[PDB]
């Protein structure tokens, strides 16, 4: 697989040993052939598990998740998918890796889609080799792949709100359950219902993942309530997965706003990855998978793919050439290559609104493309009356950097800045000039 010009998809079933067995062998072969290599982890939690599997091999860990003193003689770098894309965007030269390995290559966050598009383009050009590691490559239609041990698959009605009766099977279980919910707010209601029933519940989401995932190892628990982030390599010692089979879909309406549509069905890849959390121990047959809906290709028209085109249009590749999306996922968005290419100063603003501002890609692009500078926050208050952001059914208010109390009313409305309490608190700090 290491020969130039080729992209290999390593699609072994979940738990087949892609990370702990195949990855170290690939790395040893790459170091033997003197290939400058990058290893891309979806999260800092996966990067730490990779360090355990790669111990004894010269790897440069470009992440604060690992505490290792580097020798300086490493030709293999390890970083998360988002750091790879961010460094490509920033005015820092990234080496032209001869071998690019992406673990959990099914990750649908805009930065992972951009990384696959950039790497696959370099491979098409004949400059590099790549290995995409995932049980569920783009376009997979099988939500029931193979496993290390047999799984009991049961289609059943799964509660998406607090319940008082009709779901005895949920609480009458004596093992550990991983339950996938469509959103943080939906998880809060179910966790509260399970806590009132006497269950020990841990909740996981993108922002709290690294911190709260440690609790799954450090303390006894009955249920883990998680968004889709746990589809990316998160391992549990559990015997059941309850799957709502639903997710939220960011959708761009009329090219002027982003809504969080749904909950709606997950893709086959997401369902197979959610189910993939169990049936991993060959000595423990009969782990359960309870699913409450069907699958659909909800990645079509999903804003993450349009956002990946905004990132790819602003990454230098060669003169005016622009990287295409990875072919199997390239029809998910109606987009013309280069339509989002920004001039030098506007691109620097676009990068800073994402990196320091913490804004979603689409929103950062609207602000940068309008000729607004990073610290100018007047756009957070000059939108139409229908863009008024609501908190507890009352308009959200902030003291501007001038000392004036104003209602948060952004010129461009992106529902992701207020998807939960923590998101809106962060956006209010942004509108106030606090970062």
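Numbering follows the first chain given and starts at 1.
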Notebook entry, point to check: Which is higher in the entry, the mean Cα B factor of 423 to 431 or that of 21 to 29?
Noted result: 21 to 29
Item checked: Which of 390 to 398 and 406 to 414 has higher mean CA B factor, as the PDB entry lists it -> 390 to 398
Notebook entry, point to check: Which has the highest CA B-factor per the PDB entry: 40, 66, 380, 370?
Noted result: 66
Checklist line | Per the PDB entry, maximal CA B factor within 108, 244, 140, 230 | finding: 140
Check: residue 209's Cα B-factor: lowest, middle or highest third of the chain?
Finding: highest
Check: Would the CA B-factor of residue 98 place it in the lowest, middle or highest third of its chain?
Finding: lowest
Note to self: Quick check for you: using the entry's CA B-factors within this chain, is residue 308 in the lowest, middle or highest third?
What the structure shows: lowest
Check: Thinking about Cα B factors across the chain, which third does residue 198 belong to?
Finding: highest
Margin query: Splitting the chain's C-alpha B-factors into thirds, which one does residue 292 fall into?
Written below: lowest
